[PDB]
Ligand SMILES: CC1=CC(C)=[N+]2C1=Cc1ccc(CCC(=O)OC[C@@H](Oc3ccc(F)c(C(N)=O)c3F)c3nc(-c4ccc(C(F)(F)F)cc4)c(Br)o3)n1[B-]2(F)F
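One chain follows as structure tokens, the form deposited without this ligand.
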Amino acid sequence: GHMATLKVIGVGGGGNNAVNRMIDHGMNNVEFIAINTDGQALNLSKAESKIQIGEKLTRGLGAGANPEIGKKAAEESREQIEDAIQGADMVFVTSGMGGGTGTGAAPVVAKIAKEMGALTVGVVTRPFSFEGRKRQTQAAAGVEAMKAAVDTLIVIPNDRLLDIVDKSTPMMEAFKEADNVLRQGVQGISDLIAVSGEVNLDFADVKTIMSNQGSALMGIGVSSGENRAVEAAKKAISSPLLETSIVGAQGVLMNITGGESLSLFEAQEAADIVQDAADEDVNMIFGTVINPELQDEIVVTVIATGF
């Protein structure tokens, strides 16, 4: 019996908001850590574990869009960050690139996690184009730093949110759509680790697919009725919000969950959907869970790496 310890760490303003909304959504068996320079923001965090970094540098304020201040602040609080991460088997670091704290502190937090032996996954946003060229440039440097510090990285360009709203969609509703990428990826790992499958995958398979890999896709899809396996698989790999699409994936962990009606044929259909869209020679780690409380619903979970 091995039950992996998962932690989700929000770094800076956008990252701490994401953690707050994940908490309100309710995600258990996961520990949440909030890291920030901005003490006023941190005081409103719902995370059980809060770390104010850089108080000597910023006097309790944010980094004023200076990534060097976010970096120095994280380095000066390294022991505090190590203590909060201690014991983790997997760490998700979420933050918005382009500002001062996230850009500079998130790669330091990720590096510490990886140096402590945790499987480290980053989920970061790129700023909207209307925030200007300098923000995008600073964000690009943060993304490169993240990629050098994580096992695997998921980038969400905020400009993609403009593809899924109408002219009236509330901004907070758009942000919740971006929140789902991290949240459902974490939930998929948790479900995979907690349930013994008929073809069982566990945390070691997660480690094999994600360790020292670079760009990643994490997706989930649910469908019912006719064509349910194909429709759920297409949903799992086709997010409009991703910088890294399924195309070019060389390693895929794929789990299918269904009721007693789960057919061998439709398991093949779903696997073929993922492999055709990859358009590559894919190493599938394939798994299957029979949940008898499910009736006509099928759930496909995909982790794709090796780009």
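Numbering starts at 1 and follows the sequence shown. By rigid core we mean the largest C-alpha set that fits within 1.5 Å across both forms.
When the other structures are laid on the shown form by the core, the C-alphas of 141 to 149 and 189 to 197 differ in how far they drift in 6 other deposited structures of this protein; the larger average drift belongs to 189 to 197. Two stretches, 237 to 245 and 40 to 48, are weighed by how far their CA atoms sit from the shown form in 6 other deposited structures of this protein after rigid core superposition; the farther one is 237 to 245.
Taking only CA atoms, the mean B-factor in the PDB entry is higher for 24 to 32 than for the other of 24 to 32 and 248 to 256. Legend: mean Cα B-factor per stretch from the PDB entry, 135 to 143 versus 77 to 85; the higher mean is in 77 to 85.
Take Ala271, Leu242, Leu264, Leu61 and read off each C-alpha B-factor from the entry; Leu242 has the highest. The residue among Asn158, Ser223, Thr208, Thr152 whose C-alpha atom has the highest B-factor in the PDB entry is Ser223. Among the modelled residues of its chain, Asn66 has a C-alpha B-factor that falls in the lowest third, as given in the PDB entry. In the deposited entry, the Cα temperature factor of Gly188 places it in the middle third of its chain's modelled residues. Split the chain's modelled residues into thirds by C-alpha temperature factor. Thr94 is in the lowest one.
Remark: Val289 belongs to the middle third of its chain, ranked by C-alpha B-factor as recorded.
In this PDB entry, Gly197 carries a Cα temperature factor that places it within the highest third of its chain's modelled residues.
From this point on, the text means the form deposited with this ligand bound, which you will not see here.
Under a 4.5 angstroms non-hydrogen atom cutoff, this ligand in the entry with it bound has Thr288 among its neighbouring residues. Within this chain, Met90 lines the site of this ligand in the entry with it bound, having a heavy atom no more than 4.5 Å away. Though the partner is left out of this view, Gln187 does reach within 4.5 Å of this ligand in the entry with it bound, counting heavy atoms only. Within this chain, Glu82 is remote from the site of this ligand in the entry with it bound, having no heavy atom within 4.5 Å.
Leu201 is the sole member of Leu201, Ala229, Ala74, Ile237 with a non-hydrogen atom within 4.5 Å of this ligand in the entry with it bound. None of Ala149, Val143, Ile220, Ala118 but one reaches within 4.5 angstroms of this ligand in the entry with it bound through a heavy atom, and that residue is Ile220. Residues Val108, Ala113 and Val155 are none of them found to lie within 4.5 Å of this ligand in the entry with it bound, as judged by heavy atom distances. Of the candidate stretches 259 to 267, 246 to 254, 46 to 54, 272 to 280, only 246 to 254 has residues with heavy atoms within 4.5 Å of this ligand in the entry with it bound. Heavy atoms closer than or equal to 4.5 Å to this ligand in the entry with it bound belong, across 282 to 307, to the residues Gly287, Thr288, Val289, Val299, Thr301, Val302, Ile303, ordered by sequence position.
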